[PDB]
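Reading the structure
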Amino acid sequence: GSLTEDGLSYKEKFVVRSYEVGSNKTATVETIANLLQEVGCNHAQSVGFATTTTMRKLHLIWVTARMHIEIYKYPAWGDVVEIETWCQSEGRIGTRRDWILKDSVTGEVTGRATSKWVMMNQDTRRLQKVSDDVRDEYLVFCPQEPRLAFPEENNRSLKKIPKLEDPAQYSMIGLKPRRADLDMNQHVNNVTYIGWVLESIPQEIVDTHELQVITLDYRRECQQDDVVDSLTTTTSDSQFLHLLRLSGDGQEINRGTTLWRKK
Amino acid sequence: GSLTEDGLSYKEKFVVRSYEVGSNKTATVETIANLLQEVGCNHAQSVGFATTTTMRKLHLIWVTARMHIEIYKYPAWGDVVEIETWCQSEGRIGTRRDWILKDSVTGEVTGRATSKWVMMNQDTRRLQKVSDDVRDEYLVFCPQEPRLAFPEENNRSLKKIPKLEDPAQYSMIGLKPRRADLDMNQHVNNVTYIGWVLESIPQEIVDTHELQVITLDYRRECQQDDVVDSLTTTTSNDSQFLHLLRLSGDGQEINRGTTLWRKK
Ligand SMILES: N#Cc1ccccc1O
Ligand SMILES: N#Cc1ccccc1O
Ligand SMILES: N#Cc1ccccc1O
Ligand SMILES: N#Cc1ccccc1O
């Protein structure tokens with residue numbers, strides 16, 4: 001991978017692996033989400049990091065608030081997918097990281113994604129919002145003119161998501177993380193939550209449709225000893241409303257929506 | 001990746017990813033097992049496949065009976081690991097696939113692995129000794145002189161594993177696969193079973209030790225609707241454990257194994 005000519009975005013190519021594909025022999029949306037995370041980390045490394053020494057001193061970290069992914073064509077097993085990523089500050093609110101996925105052979109855009117990140121104290125888990133001196137440190141690595149993977153005014157990535165009301169149409173109960181679901185800091189990987197959302201989609205949908213769009217809000221983290229229930233109701237192409245909540249008290253951890261196109 | 005000069009082994013390099021590492025910022029044993037599977041798959045593709053046209057006609061597949069991995073140094077996040085793999089027939093019993101892992105910078109061997117595979121009818125699940133006509137088709141892609149990743153006299157890779165007796169010292173109950181644990185044929189990925197074995201190792205061991213050796217026997221498959229219990233008992237500067245995976249209800253065995261850990 002490498003920073004582009006202007007040093008304001010980063011590109012990396014990936015060969016889709018045999019264990020990374022589903023039954024149609026194309027990459028799963030979780031493999032795609034793992035690759036977006038990987039190119040995001042390689043971008044942060046290439047420019048000196050994604051916390052600055054200032055954030056590290058204040059015990060401040062970046063945390064995902066929302067992930068939105070739209071795929072037109074999933075890369076097949078053995079195909080090379082090229083991914084370009086960049087960041088942009090959105091004022092005191094937080095920062096956005098965008099991605100563009102392309103077929104390396106044709107050069108056509110096969111997917112796009114956008115995420116919203118907020119600053120949080122690592123210990124108290126309190127938000128606080130982006131400070132003046134911290135922001136300045138990041139500004140030099142972001143384009144100043146708006147560069148959006150989803151430019152359209154009031155598009156799918158910015159839509160408010162409602163809370164699913166019981167009884168849910170479908171559910172997968174008692175989902176628990178294992179060591180492979182944790183990251184290097186022993187926290188559940190953000191991609192695991194996407195997998196848990198998808199657990200309550202009926203197999204008949206998975207067999208006859210392809211996932212086109214997924215939007216997922218992150219409200220609270222699932223700890224190593226937590227148990228999750230994944231709820232799904234049809235709201236319609238097929239569209240679904242999703243809710244992840246901790247098995248006991250029913251505390252919400254995530255809410256989202258999915259849009260599926262008939263194969 | 002590419003077949004070597006003699007066309008009898010295959011090499012591929014991998015850059016360790018950020019989500020592939022544990023708390024030490026080095027690759028997990030499950031990341032390593034996934035990479036061995038990937039280089040095995042790329043080797044089969046580079047030579048025409050890992051079923052031959054005759055096996056597909058007969059509804060015959062290769063299935064793993066045993067996996068044995070020994071790691072000296074786990075590659076760090078960002079490091080390039082080079083893996084060489086080859087196959088050898090072991091008569092009518094079945095075939096063996098071996099791997100050698102190396103640090104791409106130093107050229108030193110950082111790990112090695114060996115696996116035993118048997119032929120099985122895909123539908124009846126019945127095992128069979130490898131026939132001559134099928135065997136002959138594979139022989140041209142394997143070295144004829146023995147090439148072993150574990151040459152040693154009574155090496156760890158060939159040791160018989162006993163059945164853990166209740167009560168187990170440690171256990172992780174109610175483990176279930178999710179869609180990410182399945183392969184392209186909707187079967188639980190062989191690496192998931194390694195993860196499930198490791199689930200019952202106490203966190204204190206994981207924090208103070210590094211996994212050196214894991215040997216795992218595969219007896220039966222966990223289906224999509226099955227639930228698994230992972231049992232572990234200490235059998236021992238080094239810690240050794242006996243492992244058992246069994247289906248949560250009736251207690252039917254799916255896997256047995258052993259692990260050896262060295263103090264960090
Ligand atoms: N904000 C921000 C940012 C920009 C370039 C690379 C890494 C980052 O976290
Ligand atoms: N997640 C998780 C986890 C952590 C330590 C032991 C077992 C687990 O499933
Ligand atoms: N047996 C065997 C074998 C050898 C080279 C590549 C793939 C194989 O299944
Ligand atoms: N394993 C598995 C699985 C298959 C279909 C739906 C949900 C699942 O966890």
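Residues numbered from 1 in each chain as written, not as in the entry; some residues may be left out. Chains lettered and ligands numbered in written order. Heavy atoms only, no water.

In terms of determination method and resolution, the entry is listed under X-ray crystallography at 1.653 Å.

With that settled, the discussion passes to the domain arrangement of chain A. All names here are of chain A. Each assigned domain of chain A is listed with its residue range as follows: domain 1 (2–150) and domain 2 (170–262). Each of domain 1 and domain 2 was reduced to a C-alpha centroid, and the two centroids are 21 Å apart. Contacts between the two partners involve 17 residues from domain 1 and, on the opposite side, 18 residues from domain 2. Summed over both sides, the interface between domain 1 and domain 2 buries roughly 1600 Å², with carbon and sulfur atoms accounting for 46% of that surface. Summed over the shared surface of domain 1 and domain 2, the result is two salt bridges. Close ionic contact of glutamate 221 with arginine 125 constitutes a salt bridge, the shortest N to O distance being 2.9 Å. At the junction of domain 1 with domain 2, the criterion picks out twelve residue pairs in polar contact. Among the elements that take part in the side of domain 1 that touches domain 2, strand β3 (residues 60–71) stands out by supplying eight residues, more than any other. In terms of residue class, the side of domain 1 that touches domain 2 is made up of eight nonpolar, five polar and four charged. (Domains from an automatic or database assignment. Contact = heavy atoms within 4.5 Å. Buried area = accessible area lost by both parts, 1.4 Å probe. Salt bridge = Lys/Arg side-chain N within 4 Å of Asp/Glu carboxyl O. Polar contact = N/O pair within 3.5 Å; in protein donor to acceptor, adjacent residues only side chain to side chain. Helix = DSSP H or I, 4+ residues; strand = E, 2+ residues; numbered from the N terminus. Nonpolar A, V, L, I, M, F, W, Y, C, P; charged D, E, K, R; others polar.)

A word on the site of ligand 3. Residue and element names in this part refer to chain B. Taken together, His43, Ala44, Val47, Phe49, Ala50, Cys87, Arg97, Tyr138, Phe141 and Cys142 make up the full set of residues adjacent to ligand 3. Burial of ligand 3 by the protein chains amounts to 96% of its free accessible area of 260 Å². Its residues placed into classes, the shell around ligand 3 shows eight nonpolar, one polar and one charged. (Near = heavy atom within 4 Å. Areas by Shrake-Rupley, 256 points an atom, 1.4 Å probe, with all protein chains shown as cover.)

Taken together, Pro177(A), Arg178(A), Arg179(A), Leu182(A), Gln224(A), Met172(B), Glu199(B) and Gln203(B) make up the full set of residues near ligand 2. The environment of ligand 2 is shared, with nearby residues belonging to chains A and B. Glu199(B) is positioned such that a nitrogen or oxygen atom in its side chain is 2.6 Å from an oxygen atom of ligand 2. Coverage of ligand 2 by the protein chains reaches 88% of its 260 Å² of free accessible surface.

On to the domain arrangement of chain B, then. All names here are of chain B. Domain annotation for chain B reports domain 1 (2–158) and domain 2 (170–263). Computed from C-alpha atoms alone, the centre-to-centre distance between domain 1 and domain 2 is 20 Å. Listed per partner, the contact involves 16 residues of domain 1 and 18 residues of domain 2. Taken over both partners, the interface formed by domain 1 and domain 2 buries close to 1700 Å², and the fraction arising from carbon and sulfur atoms is 48%. Viewed at the interface, domain 2 and domain 1 are joined by two salt bridges. Between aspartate 217 and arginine 66 there is a salt bridge, with the nearest N and O atoms lying 2.8 Å from each other. In this structure, the connection of domain 1 to domain 2 is made through nine residue pairs in polar contact. Those elements that place two or more of their residues in the side of domain 1 that touches domain 2 are α1 (29–46) and β3 (60–71). It is β3 that provides the largest number of residues to the side of domain 1 that touches domain 2, a total of eight residues. When grouped by side-chain class, the residues that make up the side of domain 1 that touches domain 2 number seven nonpolar, four polar and five charged.

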